[PDB]
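Next comes query-v4.txt, with compact mmCIF, C-alpha atoms and all ligand atoms.
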```
# COMPACT_ATOMS: atom_id res chain seq x y z
CA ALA A 82 131.00 206.11 47.43
CA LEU A 83 129.70 208.23 44.57
CA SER A 84 129.97 211.91 45.47
CA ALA A 85 128.55 215.06 43.94
CA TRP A 86 128.87 218.83 44.17
CA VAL A 87 126.01 220.40 46.14
CA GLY A 88 125.42 223.81 47.64
CA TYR A 89 124.22 227.27 46.73
CA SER A 90 125.27 226.67 43.11
CA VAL A 91 122.36 224.25 42.54
CA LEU A 92 119.67 226.66 43.78
CA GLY A 93 117.22 227.34 40.97
CA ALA A 94 118.72 224.48 38.95
CA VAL A 95 117.77 221.05 37.63
CA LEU A 96 120.23 218.27 38.42
CA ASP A 97 120.60 214.92 36.70
CA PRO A 98 121.27 211.90 38.97
CA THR A 99 125.00 212.76 39.13
CA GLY A 100 124.77 216.45 40.10
CA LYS A 101 125.31 217.91 36.62
CA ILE A 102 123.35 221.14 36.27
CA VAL A 103 121.36 220.44 33.08
CA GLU A 104 119.14 223.54 33.31
CA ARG A 105 118.55 226.70 35.32
CA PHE A 106 115.46 228.82 35.83
CA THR A 107 117.27 231.35 38.04
CA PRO A 108 120.62 233.14 37.77
CA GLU A 109 123.06 231.22 39.97
CA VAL A 110 122.48 232.40 43.53
CA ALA A 111 126.15 232.00 44.54
CA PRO A 112 129.12 229.82 43.44
CA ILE A 113 129.43 227.96 46.76
CA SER A 114 129.53 224.17 46.77
CA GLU A 115 130.91 221.20 48.70
CA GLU A 116 131.70 217.71 47.52
CA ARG A 117 129.47 215.28 49.41
CA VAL A 118 128.83 211.54 49.37
CA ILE A 119 125.22 210.99 48.33
CA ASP A 120 124.66 207.66 50.14
CA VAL A 121 125.57 208.18 53.80
CA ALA A 122 123.96 206.93 57.01
CA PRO A 123 121.34 208.83 59.03
CA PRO A 124 122.65 210.88 61.95
CA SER A 125 122.67 209.28 65.38
CA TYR A 126 119.32 209.13 67.16
CA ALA A 127 121.10 210.86 70.06
CA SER A 128 122.06 213.88 67.91
CA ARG A 129 118.42 214.55 67.02
CA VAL A 130 116.11 217.11 68.54
CA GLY A 131 112.38 216.76 69.00
CA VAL A 132 109.82 217.53 66.34
CA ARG A 133 108.70 220.70 68.10
CA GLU A 134 107.24 223.43 65.89
CA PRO A 135 104.51 222.82 63.34
CA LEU A 136 105.21 223.28 59.65
CA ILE A 137 102.52 225.57 58.23
CA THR A 138 101.60 224.21 54.79
CA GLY A 139 98.84 226.72 54.04
CA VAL A 140 96.50 223.79 53.33
CA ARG A 141 93.47 223.82 55.61
CA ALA A 142 92.92 220.07 55.96
CA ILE A 143 96.57 219.35 56.77
CA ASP A 144 97.19 222.30 59.11
CA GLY A 145 93.88 221.73 60.89
CA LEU A 146 93.52 217.97 61.29
CA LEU A 147 96.91 216.50 60.30
CA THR A 148 99.39 219.16 61.42
CA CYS A 149 102.95 218.49 60.26
CA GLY A 150 106.04 219.07 62.40
CA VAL A 151 109.31 220.70 61.42
CA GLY A 152 111.60 217.72 60.88
CA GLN A 153 108.77 215.24 60.36
CA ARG A 154 108.71 212.62 57.61
CA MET A 155 105.28 212.30 55.99
CA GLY A 156 103.96 209.97 53.31
CA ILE A 157 101.50 210.81 50.53
CA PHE A 158 99.68 207.54 49.85
CA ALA A 159 97.46 207.28 46.78
CA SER A 160 96.71 205.06 43.83
CA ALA A 161 96.96 206.51 40.33
CA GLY A 162 95.30 209.78 39.35
CA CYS A 163 94.49 210.93 42.90
CA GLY A 164 96.71 214.03 42.82
CA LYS A 165 100.03 213.25 44.51
CA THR A 166 102.06 215.49 42.18
CA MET A 167 99.46 218.27 42.40
CA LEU A 168 99.53 218.02 46.20
CA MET A 169 103.32 218.39 45.99
CA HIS A 170 102.88 221.52 43.86
CA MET A 171 100.37 223.02 46.30
CA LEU A 172 102.66 222.27 49.24
CA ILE A 173 105.60 223.92 47.48
CA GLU A 174 103.40 226.91 46.65
CA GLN A 175 101.90 227.56 50.08
CA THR A 176 104.53 226.30 52.57
CA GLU A 177 107.08 228.68 54.08
CA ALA A 178 110.69 227.45 54.13
CA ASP A 179 114.14 228.50 52.97
CA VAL A 180 114.83 225.70 50.45
CA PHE A 181 112.63 223.26 48.55
CA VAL A 182 114.25 220.11 47.14
CA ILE A 183 112.28 217.83 44.82
CA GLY A 184 113.39 214.38 43.69
CA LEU A 185 111.57 212.88 40.71
CA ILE A 186 112.45 209.18 40.47
CA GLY A 187 111.58 207.19 37.36
CA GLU A 188 108.84 209.25 35.71
CA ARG A 189 108.45 209.97 32.01
CA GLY A 190 110.68 212.72 30.67
CA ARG A 191 107.61 214.78 29.74
CA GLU A 192 106.48 214.70 33.38
CA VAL A 193 109.89 216.05 34.40
CA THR A 194 109.46 218.78 31.77
CA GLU A 195 105.98 219.69 33.05
CA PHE A 196 107.19 219.88 36.65
CA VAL A 197 110.09 222.13 35.62
CA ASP A 198 107.69 224.39 33.70
CA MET A 199 105.52 224.71 36.81
CA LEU A 200 108.71 225.44 38.77
CA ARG A 201 109.56 228.20 36.28
CA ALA A 202 106.11 229.75 36.78
CA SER A 203 106.39 229.92 40.58
CA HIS A 204 107.39 232.86 42.79
CA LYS A 205 109.74 230.63 44.83
CA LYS A 206 111.97 229.80 41.82
CA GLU A 207 115.25 230.77 43.50
CA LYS A 208 114.45 228.54 46.52
CA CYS A 209 114.02 225.29 44.58
CA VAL A 210 116.31 222.46 43.44
CA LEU A 211 115.01 219.65 41.24
CA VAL A 212 116.83 216.33 40.85
CA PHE A 213 115.36 213.95 38.29
CA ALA A 214 115.77 210.53 36.72
CA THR A 215 113.52 209.14 34.02
CA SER A 216 112.55 205.53 33.38
CA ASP A 217 115.19 205.41 30.61
CA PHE A 218 117.95 205.74 33.23
CA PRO A 219 119.47 202.67 34.90
CA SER A 220 118.10 201.81 38.32
CA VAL A 221 121.45 202.80 39.86
CA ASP A 222 120.91 206.39 38.74
CA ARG A 223 117.29 206.33 39.93
CA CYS A 224 118.55 205.50 43.42
CA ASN A 225 121.30 208.12 43.08
CA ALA A 226 118.63 210.72 42.26
CA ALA A 227 116.87 210.38 45.61
CA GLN A 228 120.17 210.05 47.47
CA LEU A 229 121.37 213.29 45.82
CA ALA A 230 118.16 215.19 46.58
CA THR A 231 118.57 214.14 50.21
CA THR A 232 122.21 215.27 50.10
CA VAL A 233 121.24 218.73 48.84
CA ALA A 234 118.63 219.01 51.59
CA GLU A 235 121.29 217.99 54.11
CA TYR A 236 123.71 220.63 52.84
CA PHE A 237 121.20 223.43 53.27
CA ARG A 238 120.15 222.04 56.66
CA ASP A 239 123.82 222.26 57.73
CA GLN A 240 123.73 225.86 56.52
CA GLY A 241 120.97 226.33 59.11
CA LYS A 242 117.93 226.43 56.83
CA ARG A 243 114.40 225.07 57.02
CA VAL A 244 114.37 222.60 54.12
CA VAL A 245 111.42 220.71 52.64
CA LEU A 246 112.35 217.61 50.65
CA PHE A 247 110.01 215.76 48.28
CA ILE A 248 110.49 212.28 46.81
CA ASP A 249 108.21 211.17 43.96
CA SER A 250 108.11 208.35 44.34
CA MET A 251 109.35 206.06 47.09
CA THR A 252 107.66 203.16 45.30
CA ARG A 253 110.02 203.64 42.36
CA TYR A 254 113.05 204.14 44.61
CA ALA A 255 112.23 200.85 46.33
CA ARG A 256 111.86 199.10 42.96
CA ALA A 257 115.21 200.54 41.85
CA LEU A 258 116.87 199.32 45.05
CA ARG A 259 115.32 195.93 44.30
CA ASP A 260 116.64 195.87 40.73
CA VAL A 261 120.16 196.94 41.73
CA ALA A 262 120.16 194.29 44.47
CA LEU A 263 118.91 191.51 42.19
CA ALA A 264 121.33 192.40 39.38
CA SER A 265 124.26 191.82 41.75
CA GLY A 266 123.65 188.34 43.21
CA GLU A 267 121.32 189.17 46.10
CA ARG A 268 118.41 186.78 46.53
CA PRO A 269 114.73 187.74 46.81
CA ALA A 270 113.21 187.52 50.27
CA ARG A 271 109.68 188.97 50.38
CA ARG A 272 107.65 189.48 47.19
CA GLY A 273 110.85 189.29 45.19
CA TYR A 274 112.47 192.13 47.13
CA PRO A 275 115.94 191.21 48.42
CA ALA A 276 116.47 191.67 52.14
CA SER A 277 118.83 194.63 51.77
CA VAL A 278 115.95 196.72 50.38
CA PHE A 279 114.34 196.59 53.82
CA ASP A 280 117.62 197.78 55.37
CA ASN A 281 118.05 200.47 52.69
CA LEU A 282 114.65 202.19 52.77
CA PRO A 283 115.10 203.53 56.35
CA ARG A 284 118.75 204.42 55.65
CA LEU A 285 117.41 206.98 53.18
CA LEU A 286 114.14 207.73 55.00
CA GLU A 287 115.76 208.47 58.38
CA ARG A 288 118.13 211.16 57.08
CA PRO A 289 115.58 214.03 57.29
CA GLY A 290 114.72 215.48 60.69
CA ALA A 291 115.48 218.53 62.85
CA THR A 292 118.91 219.18 64.34
CA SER A 293 120.66 221.80 66.46
CA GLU A 294 121.26 223.75 63.23
CA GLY A 295 118.40 223.61 60.74
CA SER A 296 115.86 221.00 59.71
CA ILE A 297 114.60 218.84 56.86
CA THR A 298 110.88 218.06 56.66
CA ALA A 299 110.24 215.31 54.12
CA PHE A 300 107.27 214.22 52.02
CA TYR A 301 107.39 210.87 50.21
CA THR A 302 104.82 209.73 47.66
CA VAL A 303 103.81 206.06 47.75
CA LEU A 304 101.77 204.35 45.04
CA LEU A 305 98.92 202.08 46.16
CA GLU A 306 99.54 199.84 43.16
CA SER A 307 96.24 197.96 42.76
CA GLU A 308 94.18 195.99 45.26
CA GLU A 309 95.14 192.51 46.53
CA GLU A 310 98.47 192.49 44.71
CA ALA A 311 102.03 193.18 45.90
CA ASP A 312 102.18 195.90 48.38
CA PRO A 313 104.81 194.92 50.98
CA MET A 314 106.50 198.23 50.20
CA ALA A 315 103.50 200.48 50.83
CA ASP A 316 103.06 198.92 54.28
CA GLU A 317 106.78 198.90 55.11
CA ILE A 318 107.11 202.57 54.11
CA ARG A 319 104.02 203.34 56.20
CA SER A 320 105.89 201.68 59.07
CA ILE A 321 109.02 203.80 58.61
CA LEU A 322 107.24 207.17 58.41
CA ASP A 323 105.89 209.59 61.04
CA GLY A 324 102.43 209.62 59.44
CA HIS A 325 100.73 209.57 56.09
CA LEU A 326 98.16 211.31 53.90
CA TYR A 327 95.81 208.96 52.04
CA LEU A 328 94.24 210.32 48.84
CA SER A 329 91.07 208.45 47.90
CA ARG A 330 90.17 208.25 44.22
CA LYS A 331 86.56 208.46 45.44
CA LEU A 332 87.10 212.13 46.34
CA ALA A 333 89.35 212.53 43.28
CA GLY A 334 86.59 211.53 40.87
CA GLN A 335 84.31 214.14 42.43
CA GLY A 336 86.92 216.84 41.89
CA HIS A 337 87.34 217.26 45.66
CA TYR A 338 90.94 218.46 45.81
CA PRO A 339 93.14 217.84 47.70
CA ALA A 340 91.67 214.33 47.68
CA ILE A 341 92.69 213.85 51.30
CA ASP A 342 90.68 211.21 53.17
CA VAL A 343 91.19 212.71 56.63
CA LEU A 344 89.79 209.66 58.44
CA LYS A 345 92.47 207.50 56.76
CA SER A 346 95.33 209.96 57.42
CA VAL A 347 97.36 210.75 60.53
CA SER A 348 100.25 212.97 61.62
CA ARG A 349 101.98 210.96 64.36
CA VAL A 350 103.46 214.23 65.66
CA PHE A 351 100.14 216.10 65.98
CA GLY A 352 100.17 216.01 69.77
CA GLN A 353 103.52 217.75 70.26
CA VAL A 354 103.10 220.38 67.51
CA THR A 355 99.63 221.67 68.46
CA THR A 356 98.22 223.58 71.41
CA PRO A 357 95.77 221.67 73.65
CA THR A 358 92.87 223.82 72.44
CA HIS A 359 93.73 222.99 68.83
CA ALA A 360 94.06 219.31 69.77
CA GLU A 361 90.61 219.07 71.36
CA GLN A 362 89.01 221.05 68.51
CA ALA A 363 90.60 218.61 66.06
CA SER A 364 89.34 215.63 68.06
CA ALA A 365 85.86 217.18 68.02
CA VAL A 366 85.98 217.66 64.24
CA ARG A 367 87.21 214.08 63.76
CA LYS A 368 84.31 212.80 65.88
CA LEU A 369 81.95 214.92 63.79
CA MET A 370 83.45 213.62 60.54
CA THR A 371 83.15 209.96 61.52
CA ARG A 372 79.61 210.50 62.86
CA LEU A 373 78.62 212.03 59.51
CA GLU A 374 80.26 209.31 57.39
CA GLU A 375 78.48 206.68 59.50
CA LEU A 376 75.26 208.03 57.95
CA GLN A 377 76.35 209.28 54.49
CA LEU A 378 75.77 206.27 52.21
CA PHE A 379 72.43 205.19 53.75
CA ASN A 390 63.67 214.11 57.57
CA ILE A 391 65.09 217.18 59.28
CA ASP A 392 67.74 215.42 61.37
CA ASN A 393 69.15 214.05 58.11
CA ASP A 394 68.75 217.49 56.51
CA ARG A 395 70.99 219.04 59.17
CA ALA A 396 73.45 216.14 59.05
CA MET A 397 73.92 216.27 55.28
CA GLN A 398 74.08 220.07 55.05
CA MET A 399 76.77 219.98 57.75
CA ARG A 400 78.53 217.29 55.71
CA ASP A 401 78.43 219.58 52.66
CA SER A 402 79.78 222.51 54.70
CA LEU A 403 82.69 220.38 55.94
CA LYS A 404 83.48 218.96 52.49
CA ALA A 405 83.52 222.52 51.15
CA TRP A 406 85.84 223.73 53.91
CA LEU A 407 88.24 220.86 53.18
CA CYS A 408 88.16 221.44 49.41
CA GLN A 409 90.82 224.00 48.49
CA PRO A 410 92.51 224.93 45.18
CA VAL A 411 96.25 224.78 44.60
CA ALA A 412 96.61 228.55 44.24
CA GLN A 413 94.64 229.15 47.46
CA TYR A 414 96.47 229.84 50.72
CA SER A 415 95.06 229.72 54.25
CA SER A 416 96.87 231.24 57.20
CA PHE A 417 97.06 229.16 60.37
CA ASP A 418 94.71 231.61 62.12
CA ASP A 419 91.97 231.26 59.48
CA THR A 420 92.36 227.47 59.44
CA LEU A 421 92.10 227.37 63.24
CA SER A 422 88.97 229.53 63.29
CA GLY A 423 87.33 227.18 60.79
CA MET A 424 88.38 224.29 63.03
CA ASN A 425 86.73 226.06 65.98
CA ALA A 426 83.50 226.56 64.04
CA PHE A 427 83.19 222.91 63.03
CA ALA A 428 84.11 221.79 66.57
CA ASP A 429 81.24 224.02 67.71
CA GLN A 430 79.09 222.06 65.27
CA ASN A 431 80.11 218.92 67.15
CA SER A 432 79.19 220.43 70.53
CA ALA A 433 75.72 221.68 69.54
CA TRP A 434 74.80 218.69 67.38
CA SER A 435 71.46 217.64 65.92
CA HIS A 436 71.75 214.03 67.19
CA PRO A 437 69.82 211.58 64.97
CA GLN A 438 70.51 208.66 67.33
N1 LIG A 501 94.67 218.98 43.64
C1 LIG A 501 94.28 218.90 42.37
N2 LIG A 501 93.68 219.97 41.80
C2 LIG A 501 93.29 219.90 40.53
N3 LIG A 501 93.39 218.87 39.68
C3 LIG A 501 93.99 217.82 40.26
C4 LIG A 501 94.45 217.75 41.56
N4 LIG A 501 95.01 216.51 41.82
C5 LIG A 501 94.87 215.87 40.69
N5 LIG A 501 94.27 216.60 39.70
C6 LIG A 501 94.00 216.14 38.34
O1 LIG A 501 94.78 214.98 38.11
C7 LIG A 501 95.79 215.25 37.11
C8 LIG A 501 97.10 214.62 37.52
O2 LIG A 501 97.07 214.21 38.91
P1 LIG A 501 98.41 213.76 39.65
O3 LIG A 501 98.80 214.84 40.59
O4 LIG A 501 99.49 213.38 38.63
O5 LIG A 501 98.07 212.42 40.46
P2 LIG A 501 99.19 211.29 40.62
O6 LIG A 501 98.76 210.28 41.62
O7 LIG A 501 100.47 212.02 41.03
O8 LIG A 501 99.44 210.62 39.20
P3 LIG A 501 100.61 209.61 38.94
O9 LIG A 501 101.96 210.20 39.44
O10 LIG A 501 100.71 209.35 37.41
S1 LIG A 501 100.27 207.93 39.86
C9 LIG A 501 95.82 216.77 36.96
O11 LIG A 501 96.21 217.14 35.64
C10 LIG A 501 94.37 217.15 37.25
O12 LIG A 501 93.53 216.99 36.11
MG MG A 502 103.22 211.41 40.83
MG MG A 503 105.63 196.09 46.16
```
Using structure tokens, write down the structure that the file contains.
Amino acid sequence: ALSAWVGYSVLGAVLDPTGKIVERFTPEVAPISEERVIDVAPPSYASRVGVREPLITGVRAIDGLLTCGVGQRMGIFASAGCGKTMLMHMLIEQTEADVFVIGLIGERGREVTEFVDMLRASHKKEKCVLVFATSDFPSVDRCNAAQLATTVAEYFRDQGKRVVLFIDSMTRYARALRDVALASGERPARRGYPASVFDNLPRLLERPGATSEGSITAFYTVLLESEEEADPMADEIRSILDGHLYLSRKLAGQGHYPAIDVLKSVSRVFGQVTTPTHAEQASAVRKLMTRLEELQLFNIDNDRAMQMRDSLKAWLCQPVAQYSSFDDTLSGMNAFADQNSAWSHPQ
């Protein structure tokens, strides 16, 4: 029952896995803090509310085709070098919320330093709390890092705030759970992961969500560690979450950022967070996308098809510093849906 001090005193601060403020980039907002246990259970399913509103991320692809809900839990699935951390930075930059909580689990110390430098550059400095653990820490503290980030998010949610929590990565948190379980007598069950791991991923992953007070919307990064190897964890985490964003290294090599493969992504809350007009426009654009990709890798029909493909790829491509209001995103959605209605038809 390890506890830690959380609250307004950690705003604009960097916390080590035990809640010690090791750095600030903002004068302390206020000296208000509770003691809280960092590993508690999710709230009762019957105390939840529905994922109603959308969360406007300012990213066109997400807000248009994969709209997130306030209280949703979303995964960011990618192999190496596809831009998970950069997508996190863009989401922090362009999303509107009261508090942003980031949990860096088991990265190099220099990566922690680079993230904190980016955090210092931003205009939302006073709204952010970073909790970190490097690979040099024991696995216990790597688990405590994510648990503590979740606890900070929960504090500010109980204050009635819209919180956005990030965990980079859930792959490393799962491996740290595995190592702590193994190094205490527990036996492996599936791909060397002890059984308790599978009971302890949702325990953490089901803590975010909306309540009668405020809300926590959560993004978790998952590594697609190699083909045809061990990925029981990627699939299990996919199971636990309310959707996922897949980043293809195909698009990443082109420089098409964010490297979101829309056809491989889904927001399982899209139906209840979007208007019916938006929903049918999004279905039209998804039909158009899949119809175009059916051709891609194979006269004037093909001219129109591929120039439309270029237009769509350009509309999806968007730099980190660039922000798109929901209105602008929706009008672009309407235009491409129009392009599905009046279509060239090469078959
Ligand atoms: N959206 C983006 N915009 C611009 N460059 C990007 C973007 N995403 C990735 N990059 C490039 O990729 C580099 C690092 O990408 P990352 O965001 O770290 O991907 P990653 O999957 O998080 O890597 P890991 O954590 O080591 S597996 C950046 O320094 C850029 O050169
Ligand atoms: Mg990363
Ligand atoms: Mg695995």
Using all atoms listed in the file, find each residue with an atom at most 7 Å away from ligand LIG 501 (chain A) and format the answer as an MDAnalysis selection string.
chainID A and resid 159:168 304 333 338:340 410:411
I want to know what sits within 6 Å of residue 180 of chain A, based on all atoms listed in the file, with residues of the same chain fewer than 2 positions away left out; could you give that as an MDAnalysis selection string?
chainID A and resid 178 208:209 244
My list of candidates is A:143, A:91, A:227, A:221. Which is closest to residue 263 of chain A when distances are computed with all atoms listed in the file?
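So, comparing all the options, the nearest one is A:221.
Checking A:240, A:390, A:307, A:409 one by one against ligand MG 503 (chain A), counting all atoms listed in the file, you find the shortest gap at A:307.
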Work out how far atom CA of residue 226 of chain A is from atom CA of residue 98 of chain A, in Å to one decimal.
4.4 Å
Interatomic distance, atom MG of ligand MG 503 (chain A) to atom CA of residue 302 of chain A (Å, one decimal)
13.7 Å
Which one of A:205, A:95, A:297, A:305 sits closest to ligand MG 502 (chain A) if you count all atoms listed in the file?
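So, comparing all the options, the nearest one is A:305.
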Env of residue 250 of chain A: 8 Å cut, atoms = all atoms listed in the file, seq-sep filter 5 positions within chain, self excluded. Answer as a list in words.
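The filter keeps residues 185, 186, 187, 301, 302, 303 and 304 of chain A.
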